[PDB]
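Structure, as structure tokens:
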Amino acid sequence: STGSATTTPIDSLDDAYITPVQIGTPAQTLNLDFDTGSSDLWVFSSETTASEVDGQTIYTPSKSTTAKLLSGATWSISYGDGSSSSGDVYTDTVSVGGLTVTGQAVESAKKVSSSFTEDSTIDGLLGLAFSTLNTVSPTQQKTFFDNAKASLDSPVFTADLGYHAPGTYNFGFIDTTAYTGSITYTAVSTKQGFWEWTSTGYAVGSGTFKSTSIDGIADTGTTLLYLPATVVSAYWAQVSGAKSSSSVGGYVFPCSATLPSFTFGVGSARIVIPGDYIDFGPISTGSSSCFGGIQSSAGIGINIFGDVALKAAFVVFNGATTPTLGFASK
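Residue numbers (the authors' numbering): 1 to 330.
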């Protein structure tokens, strides 16, 4: 089997991407944030504290003939940005782009933090990291991908995120029309539960490539590119007037700037992030200070190849017995 679903930016900055997902019988369609940096599929629901729901579409398990309470199971998650959610668990039928999993754990939120409430466009998350990170207790649950894997034509999914435009998540096949040139594959460590890999270096603009190992994670659920302070300083030094602002919470730059590209290495291959992808617009409405899309990972504890990086590539998440990651230009 295979599946193919379009993923759409939630706003004009590509802050996140939403993908429609069918849950239950008859189908209830919710728009979920596919997150290769976590491993819980959780939704706003009929159980979510009323004051914490503001425009989201909710899953109502009592209206699904295939929903079953997973008795005694609870979940609770905290994300890198400080947001969180928690609740109880149902199993139900879940379909993405025509690919169906029966008996998927659907984690129903009883509580969500303010960031979730305030984002009316995101009805929940669908985790695509390794199932070892799943938070369900006392019986850990599998991701949608893990459950689908054996049925897939090939044990893979691909992320093809757009810049200010829709893109695609495919399951079970590689669309050879969706990228240019060849796909370069690179080793993955699953030791921390992430799609963790080592980039071979970077370049700023038309500058020379610096060969240096940068361990980090491929994370569709993180907006920006978070890299070591040395690398980030070298980038922003090429932008007149750019500076790190503790008050704003990172590097800012004059909105009048033209940003240089940023290249990262994948083995001997190179992925080029155009300068425009690194512009996250005014820090506050009407400001002439703009927020940068490359930020320091210092104090996160891990480097993160988030959407800024991934949307410059066609990315293969290969879940074969020994997982790997593939990157192609597009």
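Just so you know, even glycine gets a beta-carbon here, dropped at the ideal spot from N, CA and C.
Member of the options whose CA lies at the smallest distance from the CA of residue i
i      : options                         : result
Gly267 : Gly281, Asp40, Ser213 and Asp88 : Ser213
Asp146 : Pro138, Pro155 and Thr139       : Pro155
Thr321 : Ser189, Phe44 and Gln56         : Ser189
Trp75  : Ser247, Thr139 and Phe144       : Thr139
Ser131 : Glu47, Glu52 and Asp35          : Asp35
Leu69  : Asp88, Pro274 and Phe317        : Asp88
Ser84  : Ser12, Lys110 and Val204        : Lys110
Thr223 : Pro166, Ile304 and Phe253       : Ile304
For residue j and residue i, believed in contact at Cβ under 8 Å, the rounded distance
i           : j      : result
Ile58       : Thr135 : Not a contact, Cβ separation roughly 21 Å.
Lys330      : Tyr277 : Contact doesn't hold; Cβ gap of about 13 Å is too wide.
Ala187      : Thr324 : 6 Å
residue 331 : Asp92  : Within the shown structure, residues of the chain are numbered from 1 to 330, placing residue 331 beyond reach of any answer.
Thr117      : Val53  : 7 Å
Reduced DSSP secondary structure (H/G/I, E/B, other) of residue i
i      : result
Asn147 : helix
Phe116 : helix
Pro228 : coil
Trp197 : strand
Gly275 : helix
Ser296 : strand
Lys68  : strand
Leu310 : helix
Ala159 : strand
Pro61  : helix
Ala50  : helix
Cβ-based neighbour list, residue i, same chain, cut-off 8 Å, excluding 5 preceding and 5 following
i      : result
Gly250 : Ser244, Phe291, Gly292, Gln295 and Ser296
Proximal residues to residue i (C-beta, below 6 Å), its chain only, five neighbours per side dropped
i      : result
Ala5   : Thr19, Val96, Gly97 and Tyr169
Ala298 : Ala229
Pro274 : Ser261
Same chain, Cβ closer than 7 Å to residue i, five either side skipped, listed in chain order
i      : result
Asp279 : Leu259, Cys290 and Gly293
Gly205 : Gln238, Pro260 and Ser261
Near the ligand ZN: residue i beta-carbon under 6 Å from a heavy atom
i      : result
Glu118 : With respect to small molecules bound, the structure shown includes none, and the ligand ZN cannot be examined in it.
Runs of alpha helix (DSSP H) wholly within the stretch 72-137 (minimum 4 residues, chain order): 114-118
Let me know the beta strand (DSSP E) ranges lying completely inside the stretch 227-258, each 3 residues or longer, listed in chain order. 243-245 and 250-254
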